[PDB]
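*Asks:* sharing an experimental structure here, sequence included.
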Amino acid sequence: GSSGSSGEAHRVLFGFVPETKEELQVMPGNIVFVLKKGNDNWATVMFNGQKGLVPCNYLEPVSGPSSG
């Protein structure tokens, strides 16, 4: 258990390959906490205390049991 862990968990889906200094290089099927969502096809996430941009189109919402 480490610091952070704040945001909406989303499961990355195969498709785009975010390989750059800005975009956080994540793995397929990993959990990432989404901080915000812009209108430029680039959403901000967090992983191991690292921020990076990623495609929102290639992501899925991983909510929990507590809803509604």
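*Replies:* On my side now, so go ahead. Numbers count the residues shown, from 1 in each chain.

*Asks:* burial count for the residue lying closest to residue 49 once chain neighbours are set aside?
*Replies:* Leaving out its chain neighbours, the residue that sits closest to residue 49 by CB to CB, 6 or more residues apart in numbering is residue 4, at 5.3 Å. All C-beta spots, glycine's among them, are computed from the backbone N, C-alpha and C. Residue 4 has 11 neighbours, counted by other CB atoms under 10 Å.

*Asks:* just grab the bridge partners of the closest residue to residue 38 other than its chain neighbours for me.
*Replies:* Excluding the flanking residues, the one nearest residue 38 by CB to CB, 6+ apart is residue 44, at 7.7 Å. Beta-bridge pairing of residue 44 under DSSP bridges involves residue 36, residue 53.

*Asks:* pretty sure residue 44 sits against residue 53.
*Replies:* Yes - Residue 44 lies in contact with residue 53 (CB atoms under 8 Å); the separation is 6.4 Å.

*Asks:* good, wrapping up.
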